[PDB]
S.K.: 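Before I ask anything, let me first share the structure, which is written out below as structure tokens.
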Number of protein chains: 2
Amino acid sequence: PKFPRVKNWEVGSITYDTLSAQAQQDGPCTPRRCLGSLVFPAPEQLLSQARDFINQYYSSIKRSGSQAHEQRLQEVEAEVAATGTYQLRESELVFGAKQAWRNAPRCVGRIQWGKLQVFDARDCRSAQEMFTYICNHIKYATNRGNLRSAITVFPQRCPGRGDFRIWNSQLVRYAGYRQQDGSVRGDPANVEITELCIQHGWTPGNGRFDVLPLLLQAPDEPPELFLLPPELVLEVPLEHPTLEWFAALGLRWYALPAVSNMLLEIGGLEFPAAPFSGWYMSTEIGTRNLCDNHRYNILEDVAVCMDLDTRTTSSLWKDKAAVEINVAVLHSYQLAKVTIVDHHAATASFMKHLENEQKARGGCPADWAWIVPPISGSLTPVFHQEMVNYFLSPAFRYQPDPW
Amino acid sequence: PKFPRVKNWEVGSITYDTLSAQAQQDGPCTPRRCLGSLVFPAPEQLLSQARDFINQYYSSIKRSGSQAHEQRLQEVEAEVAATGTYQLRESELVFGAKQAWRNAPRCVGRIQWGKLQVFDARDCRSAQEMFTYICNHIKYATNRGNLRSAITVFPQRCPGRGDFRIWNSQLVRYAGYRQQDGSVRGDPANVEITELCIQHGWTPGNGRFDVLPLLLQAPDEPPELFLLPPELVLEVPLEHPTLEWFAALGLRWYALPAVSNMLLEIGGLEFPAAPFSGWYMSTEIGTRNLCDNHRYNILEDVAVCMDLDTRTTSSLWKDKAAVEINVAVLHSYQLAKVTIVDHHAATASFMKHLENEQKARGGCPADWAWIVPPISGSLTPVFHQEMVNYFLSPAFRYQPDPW
Ligand code: HEM
Ligand code: HEM
Ligand SMILES: Cc1cc(N)nc2cc(-c3ccc4c(c3)CN(C)CCO4)ccc12
Ligand SMILES: Cc1cc(N)nc2cc(-c3ccc4c(c3)CN(C)CCO4)ccc12
Ligand SMILES: C[C@H](O)[C@H](O)[C@H]1CNc2nc(N)[nH]c(=O)c2N1
Ligand SMILES: C[C@H](O)[C@H](O)[C@H]1CNc2nc(N)[nH]c(=O)c2N1
Ligand SMILES: [Ca+2]
Ligand SMILES: [Ca+2]
Ligand SMILES: [Ca+2]
Ligand SMILES: [Cl-]
Ligand SMILES: [Cl-]
Ligand SMILES: [Gd]
Ligand SMILES: [Zn+2]
């Protein structure tokens, strides 16, 4: 209860999550009912979060209780007393961004958490400068297909001044053009941002894979529209290693998953614009983006081309077609020399992360429903691993739309 | 919080679960941390549970607050007064067994909950009579392959007297023989029960699909060994519709899923011996029982016979082999005229069940991790359905091993 027992049912091994008892915010579940599956769940309170964060920082460098540790706490206290807020040291920004990734319960890629390039954009002053920072991020992270995890963090929230915001949910997204019938051409997940781009002066295309422009918001200004140079946006045309007609579907996806609408919280400070990027796990593209019925929805078309019996569920035509689409994604990215990880390799690495984190901190916050991949769930080790979900800070958080 | 909002992300539809608010007991989650992924979470007290169940019963038959209702309440009160417990009427038992199934959050098959044959074995006296009840159950439920859902209810627990227990976790289980090289021949899940059968006088076999005897326990006298007549245990040899070598693997599974180690709780009364059965969803056999690494673990055997590239994860050889194993299960059961349901059909029916239960009770307790199938998760509609998990009574509960 205070220290929950956690069992792995494949191996029989047992751990106790002692870290969850330190959970700093509250989630949606109660003893009466679990809401784990739901997608969406000053000075002295600021100082409490700040002090805890400084403690985490000095612990991570094995200098807990040092003079420098004590002096930084007093320095933070003095700044909050004088200004009501404080400024992170450069080293604290880097550490805090890595901690926020480490703490993200829904991320299966966290074995990489210590390897994150942190771009400090806290002196950004305009939307134009914001765009320059974002382009340098995309160029660095993409690296001609040898992807590198990165985050750029723009100025923190402060009283008497609006937030920096990136209106787009990701730095690279395909347009979704809503038709008169209610159908969509392109990505149905992006209908709202597409219409906002048009409203703010973008001349729309009419393709299924039109890369959207960015809507960048500087403090107290309407969003400004910026087009990404096409040479900056690396894409992979999709082909299949043995189904030669697959290439004639004309499908593609982009190299760089870069989420831009989440809020980064470090030490009680809030960074509403802090886009971050890694590389794709193949099921995100091959299973969710392409096969979700409410996304590109290609499953029946692929099955029909494969000459599967789409008239009865028990032929497992959906399963067979989904598998080949995921094969196509892995083959195409590997052929293009663009970083990609399959769901077996990624979940294997996450098991090693759990072991590392059990030794380092006595547990790991993890959201089973998001860690288990959307195909072949029980064929991966994480399916059989019990998990404890809780909120630690530093953190990436959902935040309301700026419109 | 009181009435959780529940969203379907494929359709966009919204419901509010007003049934969760009536959750009688308490689960393992708290605002600090979610434990939803974990497998295992006074006459005045009995009267209170008995009272609420009788009300459920008379409400269910549209006889609320009537004379028969008022009379039954006072009869239980008087029976508790003279005995310390009370007896269900056979019709209340039928109602309660159906509600316990309806209330089971981890069961995807609950569209069928109103169709359940209840065998009243509460007059049972001995392990010999227990074996006859169980054999009648298996014969009725198997029905030469046209499976029918059923439950047999043995006498309730009572003070100063041992329980009836079925030591086996299922009525049909394959033996698990520990080999000298450390490995297991047969089903590794059943190593403990296999050794207990041998302990209690069973002459073991040496095959990979040897059906175990039953260890049956009458009150206070010890467990007795019983052999199931081979003609009563319907099995399905597994072949593949196009991979002719699949049959040569010698795989088989049994027709009847009949769980025998859970406790049934109705109106404060507890039945530690109440085996219940339905029919299989194909992923249970093809994915979990045959492909779990700690079960039969045949995935690589099949992939070698399919000439798949097993030295790289990104060939998705595990996924392709799993798909064909699941095809083999569906094809073999359909060819044998044994009832089976695929995971697409089953999850579609559960969505209809959720819709039914929203109108009837304002919600439905559902455990997302158990409802979503172990392959092709997001290809099924339940993956995109938010769910609320909570404990309602009457209920099936886990209980300690009788040894
Ligand atoms: C390096 C390779 C990475 C891989 C393979 C990876 C993989 C994933 C996957 C599969 C998800 C589930 C999202 C979905 O369902 O599509 C996810 C979520 C998430 N990832 Fe990672 N990730 C990586 C890097 C990163 C980085 C660099 C960060 C931040 C610095 C990060 C933070 C997050 C967060 C916050 C979520 C949850 C998003 C939400 O709740 O909406 N990830 N990741
Ligand atoms: C009629 C066809 C049925 C189907 C297709 C079905 C399907 C399933 C499935 C797939 C599970 C998940 C467990 C697993 O991974 O194997 C489950 C669990 C469960 N089922 Fe159903 N079931 C059926 C009938 C029944 C009946 C008749 C009852 C009781 C009267 C029942 C009660 C339960 C319970 C209590 C669980 C929870 C198991 C646990 O927590 O260990 N089911 N069922
Ligand atoms: C940094 C990073 C790397 C990576 N490889 N993937 C990521 C995926 C998300 C993500 C967050 C939410 C979300 C989805 C994906 C997709 N689902 C299908 C629908 C909408 O919900 C966030 C960050 C990622
Ligand atoms: C009535 C019925 C019908 C049906 N078709 N399946 C059922 C499955 C269970 C079940 C019970 C426990 C359990 C598991 C499944 C799953 N795995 C194998 C881990 C072990 O835990 C119980 C009753 C079922
Ligand atoms: C209803 C359900 O919680 C929702 O569809 C979740 C399930 N698990 C997921 N898991 C991942 N990785 N990504 C998702 O978007 C979702 N969606
Ligand atoms: C840890 C995890 O909750 C556990 O292994 C669950 C996951 N989902 C499951 N789902 C079903 N249907 N059956 C199971 O045994 C499990 N096991
Ligand atoms: Ca300063
Ligand atoms: Ca009778
Ligand atoms: Ca080979
Ligand atoms: Cl994506
Ligand atoms: Cl089973
Ligand atoms: Gd070909
Ligand atoms: Zn929970």
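Just so we're on the same page: letters track the sequence lines, and every chain starts at 1.
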S.K.: What part of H343(B) lies closer than 4.5 angstrom to a heavy atom of chain A: side chain, backbone, both or neither?
M.R.: side chain
S.K.: So which residues of residues 323-330 of chain A are in contact with chain B at a heavy-atom cut-off of under 4.5 Å?
M.R.: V323(A), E324(A), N326(A), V327(A), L330(A)
S.K.: Counting only N and O atoms by type, is there a donor-acceptor contact under 3.5 Å from the side chain of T287(A) to the main-chain atoms of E284(A)?
M.R.: no
S.K.: If I measure from the heavy atoms of chain A, does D26(B) come under 4.5 Å with its side chain, its backbone, both, or neither?
M.R.: both
S.K.: Considering only heavy atoms, give the residues of residues 367-377 of chain B separated from chain A by less than 4.5 Å, sorted numerically, with 'none' for an empty result.
M.R.: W368(B), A369(B), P374(B), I375(B), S376(B), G377(B)
S.K.: Which residue out of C291(A), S20(A), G36(A), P28(A) racks up the most heavy-atom pairs below 4.5 Å with chain B?
M.R.: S20(A)
S.K.: Looking at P188(A), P4(A), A366(A), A322(A), which has the largest count of heavy-atom pairs under 4.5 Å with chain B?
M.R.: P4(A)
S.K.: Is there a side-chain contact between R361(A) and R102(A), using heavy atoms and a 4.5 Å cut-off?
M.R.: yes
S.K.: Look at the rings of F40(B) and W9(A) and say which category their plane angle falls in: under 30° parallel, 30 to 60° tilted, over 60° perpendicular.
M.R.: tilted
S.K.: Would you say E195(A)'s side chain and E192(A)'s backbone share a donor-acceptor pair under 3.5 angstrom?
M.R.: no
S.K.: Would you find a donor on one side and an acceptor on the other, under 3.5 Å apart, between the side chain of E386(A) and the backbone of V39(B)?
M.R.: yes
S.K.: Quick check on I340(B) against chain A: is it the side chain, the backbone, both or neither that has a heavy atom closer than 4.5 Å?
M.R.: neither
S.K.: Looking at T339(B) and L147(B), would you say the former's side chain and the latter's main chain have a donor-acceptor pair under 3.5 Å?
M.R.: yes
S.K.: Between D342(B) and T313(A), is a side chain to side chain donor-acceptor pair (under 3.5 Å) present by the stated rule, with each step listed?
M.R.: CA-CA 7 Å; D342(B) 70 75; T313(A) 50; 2.8 Å; yes
S.K.: Tell me which of these, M387(A), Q385(A), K7(A), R32(A), has more heavy-atom pairs under 4.5 Å with chain B than the rest.
M.R.: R32(A)
S.K.: Where the side chain of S332(B) meets the backbone of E239(B), is there a donor-acceptor pair that is under 3.5 Å apart?
M.R.: yes
S.K.: Going through the distances and angles, do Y333(A) and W253(A) end up as a side chain to side chain donor-acceptor pair (under 3.5 Å)?
M.R.: CA-CA 9 Å; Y333(A) 276 61; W253(A) 206 257; 5.0 Å; no
S.K.: Heavy-atom cut-off 4.5 Å, strictly under: side chain, backbone, both or neither for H331(A) against chain B?
M.R.: neither
S.K.: Where do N261(B) and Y398(B) land on the side chain to side chain donor-acceptor pair (under 3.5 Å) test, with the steps shown first?
M.R.: CA-CA 7 Å; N261(B) 63 350; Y398(B) 305 122; over 6 Å; no
S.K.: So for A21(A), is it side chain, backbone, both, or neither that comes closer than 4.5 Å to the heavy atoms of chain B?
M.R.: backbone
S.K.: Just so I understand: if I count every heavy-atom pair under 4.5 Å between each of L38(B), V388(B), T30(B), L379(B) and chain A, which residue has the most?
M.R.: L38(B)
S.K.: Any sub-3.5 Å donor-acceptor pair from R33(B)'s side-chain atoms to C29(A)'s backbone N or O?
M.R.: no
S.K.: Specify which of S315(A), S314(A), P381(A), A23(A) makes the most heavy-atom pairs with chain B at under 4.5 Å.
M.R.: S314(A)
S.K.: Working note: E300(A) + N293(A), criterion side-chain contact (heavy atoms from CB on, under 4.5 Å); need CA distance, chi angles, decisive distance, verdict.
M.R.: CA-CA 10 Å; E300(A) 195 182 38; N293(A) 297 328; over 6 Å; no
S.K.: Which of parallel (below 30°), tilted (30 to 60°) and perpendicular (above 60°) describes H240(B) and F246(B)?
M.R.: tilted
S.K.: Taking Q25(A), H384(A), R5(A) one by one, which has the highest count of heavy-atom pairs under 4.5 Å against chain B?
M.R.: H384(A)
S.K.: Are the side chain of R110(B) and the backbone N or O of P105(B) linked by a donor-acceptor pair below 3.5 Å?
M.R.: yes
S.K.: Report which part of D292(B) has an atom under 4.5 Å of a heavy atom belonging to chain A: side chain, backbone, both, or neither.
M.R.: side chain
S.K.: Under 4.5 Å, counting heavy-atom pairs only, tell me which of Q22(A), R288(A), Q334(A), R295(A) racks up the most with chain B.
M.R.: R288(A)
S.K.: Between the side chain of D181(A) and the main-chain N/O of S183(A), is any donor-acceptor distance below 3.5 Å?
M.R.: no
S.K.: I'd like to know if the side chain of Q358(B) reaches the main chain of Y16(B), judged simply by a donor and an acceptor atom lying under 3.5 Å from each other, with no hydrogens or angles considered.
M.R.: yes
